[PDB]
Amino acid sequence: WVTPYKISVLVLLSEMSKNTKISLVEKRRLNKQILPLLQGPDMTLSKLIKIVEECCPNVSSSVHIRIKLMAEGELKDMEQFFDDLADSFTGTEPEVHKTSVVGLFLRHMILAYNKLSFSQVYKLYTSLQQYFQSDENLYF
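The opening position of the sequence shown corresponds to residue 29 in PDB author numbering, with each subsequent residue numbered one higher.
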């Protein structure tokens with residue numbers, strides 16, 4: 029269930045909460061605008077970045093480069109993203125994201141990730157590298 033697109037959405041959610049150039053009110057508005065990405069089907073990294081560029085022009089590049097560094101890194105870099113993301117909510121603001129669409133998405137992604145199989149985690153990281161590579165290969 030956890031795919032490179034879903035990881036990219038987690039990266040987007042993380043980058044949105046960290047954005048130093050918009051207010052907390054604007055962040056709350058943007059989290060509402062982003063909801064169809066959490067509920068919709070998987071899309072290429074190229075399409076996701078194009079969507080993010082339209083509503084969050086700042087974070088689009090930050091999202092793109094974060095995936096780039098994870099893909100150009102090692103398996104540990106994907107595992108470290110999941111660890112840091114799990115410690116980043118309901119214990120930083122500290123706002124309860126439990127009944128929320130974002131909260132349920134963060135929960136269901138971290139749970140499905142942890143109920144791994146080392147084989148499945150390794151195949152997830154390679155899938156992520158190919159997902160990023162597919163965007164990097166584009167002429168445009």
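Using N, Cα and C, we set each Cβ at its ideal position, and we do this for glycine too.
Item to check | Uninterrupted alpha helix (DSSP H) stretches inside the region 37-98 (no shorter than 4 residues) | outcome: The region 37-98 contains these whole alpha helix (DSSP H) runs: 52-61, 63-67, 73-83.
Next on the checklist: Using 9 Å as the threshold, is the C-beta distance between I95 and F160 below it?
Outcome noted: Position 67 of the sequence shown, counted from the first residue, corresponds to residue 95. Position 132 of the sequence shown, counted from the first residue, corresponds to residue 160. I95 is a Cβ neighbour of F160, given a cutoff of 9 Å.
Checklist entry - Whose C-beta lies closer than 7 Å to the C-beta of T118 among residues of the same chain, with five residues either side of it excluded? => result Translated into positions along the sequence shown, residue 118 becomes position 90. These residues qualify, in order along the chain: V124, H125.
Checklist entry - If you draw a straight line from the C-alpha of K75 to the C-alpha of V53, how long is it? => result Along the sequence shown, read from residue 1 onward, the residue named residue 75 stands at position 47. Along the sequence shown, read from residue 1 onward, the residue named residue 53 stands at position 25. Answer to the nearest angstrom: the Cα atoms are 27 Å apart.
Item to check | the region 141-153 contacting the region 58-74, beta-carbon criterion three pairs below 8 Å | outcome: With the cut-off at 8 Å, the region 141-153 and the region 58-74 do not touch.
Next on the checklist: In the DSSP assignment, the alpha helix (DSSP H) including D115 goes from what residue to what residue?
Outcome noted: Against the sequence shown, residue 115 aligns to sequence position 87. That residue, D115, is in no alpha helix (DSSP H); it is neither H nor E in DSSP.
Item to check | Enclosing alpha helix (DSSP H) for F146 [first to last residue] | outcome: The count along the sequence shown starts at 1 and reaches residue 146 at position 118. In the DSSP assignment, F146 falls within the alpha helix (DSSP H) that extends over 146-164.
Checklist entry - Based on Cα-Cα distance, which residue from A99, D70, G131 lies nearest to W29? => result Residue mapping note: residue 29 aligns to position 1 of the sequence shown, counting from 1. Nearest of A99, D70, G131 to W29, Cα basis: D70.
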